[PDB]
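Asks: Experimental structure and sequence below, a few questions after.
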Amino acid sequence: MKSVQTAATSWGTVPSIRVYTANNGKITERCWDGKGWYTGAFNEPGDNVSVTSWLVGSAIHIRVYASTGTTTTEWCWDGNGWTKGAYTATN
Amino acid sequence: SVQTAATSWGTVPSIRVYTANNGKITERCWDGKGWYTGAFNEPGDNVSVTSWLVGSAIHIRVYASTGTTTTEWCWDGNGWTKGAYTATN
Amino acid sequence: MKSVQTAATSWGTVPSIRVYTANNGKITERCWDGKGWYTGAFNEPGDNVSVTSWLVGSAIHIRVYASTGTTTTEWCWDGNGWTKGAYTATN
Ligand SMILES: O=S(=O)(O)c1cc2c(O)c(c1)Cc1cc(S(=O)(=O)O)cc(c1O)Cc1cc(S(=O)(=O)O)cc(c1O)Cc1cc(S(=O)(=O)O)cc(c1O)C2
Ligand SMILES: O=S(=O)(O)c1cc2c(O)c(c1)Cc1cc(S(=O)(=O)O)cc(c1O)Cc1cc(S(=O)(=O)O)cc(c1O)Cc1cc(S(=O)(=O)O)cc(c1O)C2
Ligand SMILES: OC[C@@]1(O)OC[C@@H](O)[C@@H](O)[C@@H]1O
Ligand SMILES: OC[C@@]1(O)OC[C@@H](O)[C@@H](O)[C@@H]1O
Ligand SMILES: OC[C@@]1(O)OC[C@@H](O)[C@@H](O)[C@@H]1O
Ligand SMILES: OC[C@@]1(O)OC[C@@H](O)[C@@H](O)[C@@H]1O
Ligand SMILES: OC[C@@]1(O)OC[C@@H](O)[C@@H](O)[C@@H]1O
Ligand SMILES: OC[C@@]1(O)OC[C@@H](O)[C@@H](O)[C@@H]1O
């Protein structure tokens, strides 16, 4: 059968983990911070997902790259919910 | 085509590359002195990976998916164990 | 049709980000260093892509794993152009 496609990132020593799953054109998010998996706020269209994250001090910044067709949309976590980023590409 | 995921740690570095091929995920390893085959071998058509250090100790999480079922595999120094991850796909 | 596939890595606190996109058998690269996205030098064949990177001091090292069929080629950025690495697999 058609397999879902995942992307994962982690930070710190607890750690926090975020796993994004593209399934039937939608990306959803599962989260771990030491005490059970739960569903996160991220829910956006995409057949394909990649993720990277970095710390600035103790503040986490996450970038999720969601692709449908040739269009990749960047989604940004910087402490004020998810926001659409400036990323563009000419695919 | 086959599908891969990669993680690395330290400054040597160590690198681990996971490849999903014909329903199986295998692992190739670099620790500064050449590539060799690792112990990870579990079913999956899709793979992602993340890893983190606790001091000098590496912890690796491999997300192996077949259909809508994703199984998390955990390296914490004592072989690969199944993790608690679930998702409602 | 089938969506493009991406992989992403980041480093430092600016940060720098690199996003690799596999589109109709070719992988290209977009770059962020804090002041706008631009096109990078990576351009190699591939249907599937993953990436990892690490810092040695302030110097970035990037490894891109590009797959076509059962052949995965590692491409290495060590400051001086993209070169084929020693990665092999028996797929
Ligand atoms: O248990 S099995 O994995 O062997 C299985 C095989 C087939 C099946 O029809 C089912 C199970 C029942 C079934 C289960 C589910 S689930 O609830 O998600 O587990 C879903 C379906 C289903 O038929 C519906 C379905 C989904 C997809 S997908 O879009 O790729 O996920 C494909 C199909 C589905 O029927 C077609 C299909 C493909 C395949 S194959 O594995 O690709 O050869 C086997 C069977 C199929 O019905 C034949
Ligand atoms: O991208 S869309 O899903 O909107 C789309 C679907 C179909 C289409 O016919 C077109 C677009 C028009 C079209 C666009 C392009 S493009 O400008 O390059 O994007 C190319 C084609 C095309 O018909 C030609 C074409 C190429 C290929 S490929 O060489 O293998 O990539 C396959 C096909 C093509 O028509 C067959 C095909 C496959 C599919 S599939 O369901 O995605 O497999 C849908 C449609 C198809 O015509 C049916
Ligand atoms: O604590 C969970 C959460 O806030 O963590 C940061 C992001 O992963 C969000 O989508 C998510 O809801
Ligand atoms: O704060 C958001 C932002 O500026 O962060 C850096 C890059 O990810 C940009 O594309 C993005 O718009
Ligand atoms: O041999 C190196 C090894 O022990 O490194 C840690 C994990 O990547 C293991 O699967 C692997 O076998
Ligand atoms: O020690 C294993 C474990 O607790 O590590 C943190 C998460 O990866 C969990 O899903 C996993 O079961
Ligand atoms: O400054 C841009 C650049 O040199 O950054 C390092 C690599 O990502 C290169 O492919 C890219 O062209
Ligand atoms: O200096 C290049 C190199 O040695 O870097 C570490 C690994 O990526 C190797 O496959 C690669 O050939």
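Replies: It's in. Numbering: from 1, shown residues only, chains lettered A, B, ... in the order given. Ligands and ions are numbered 1, 2, ... in the order given.
Asks: Identify the residues contacting the closest residue to ligand 6 within chain A.
Replies: Nearest to ligand 6 in chain A, going by CB to the nearest ligand atom, is residue A:32, at a distance of 5.1 Å. Every C-beta, even on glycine, is put in place using the N, C-alpha and C of the backbone. Residues in contact with residue A:32 (CB atoms under 8 Å, 6 or more residues apart in numbering or on different chains) are A:15, A:16, A:17, A:18, A:19, A:38, B:85.
Asks: Which residue is it, in chain A, that comes closest to ligand 7?
Replies: residue A:52 (13.3 Å).
Asks: what bridges to that residue?
Replies: Counting by DSSP bridges, residue A:52 is bridged to residue A:63.
Asks: so who does it touch?
Replies: Neighbouring residues of residue A:52 by CB under 8 Å, 6+ apart: A:9, A:62, A:63, C:8, C:9, C:10, C:17.
Asks: Also residue A:4?
Replies: A:21, A:22, A:23, B:46, B:65, B:67, B:68, B:70, B:89.
Asks: from the residues you listed, which two are the most distant?
Replies: Across these, no pair lies farther apart than A:22 and B:67, at 13.6 Å, counting by CB to CB.
Asks: gap between whichever residue of chain A sits closest to ligand 8 and chain B?
Replies: Taking CB to the nearest ligand atom as the measure, chain A has residue A:52 as its residue closest to ligand 8, at 18.9 Å. Distance, residue A:52 to chain B, by CB to the nearest CB, to the nearest Å: 10 Å.
Asks: What of residue A:89?
Replies: Taken as CB to the nearest CB, the spacing of residue A:89 relative to chain B amounts to 21 Å.
Asks: tell me the SS of that residue?
Replies: Here residue A:89 is recorded as coil under DSSP: H, G, I helix; E, B strand; the rest coil.
Asks: Can you get me a residue count around it?
Replies: 20 (other CB atoms under 10 Å in any protein chain shown).
Asks: Was I right to think it contacts residue C:22?
Replies: No: in this structure residue A:89 lies outside contact range of residue C:22 using CB atoms under 8 Å: 11.7 Å.
Asks: For the most centrally placed residue in chain A, give me its contacts.
Replies: The residue lying closest to the centre of chain A (CA atoms, centre = their mean) is residue A:64, at 4.0 Å. With contacts defined as CB under 8 Å, 6+ apart, residue A:64 is in contact with A:7, A:20, A:27, A:42, A:44, A:49, A:50, A:51, A:74, A:75, A:77, A:82.
Asks: now the strands: where do they sit in chain A?
Replies: For chain A, the strands defined by DSSP state E cover A:5-11, A:16-23, A:26-32, A:37-45, A:48-56, A:59-68, A:71-77, A:82-84.
Asks: Let me have the ones you listed in CSV, adding distance to ligand 1 as columns.
Replies: Below are the strands of chain A laid out as CSV (distance: least, CB to the nearest ligand atom, whole Å):
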stretch, distance to ligand 1
strand A:5-11, 12
strand A:16-23, 9
strand A:26-32, 13
strand A:37-45, 17
strand A:48-56, 16
strand A:59-68, 17
strand A:71-77, 22
strand A:82-84, 27
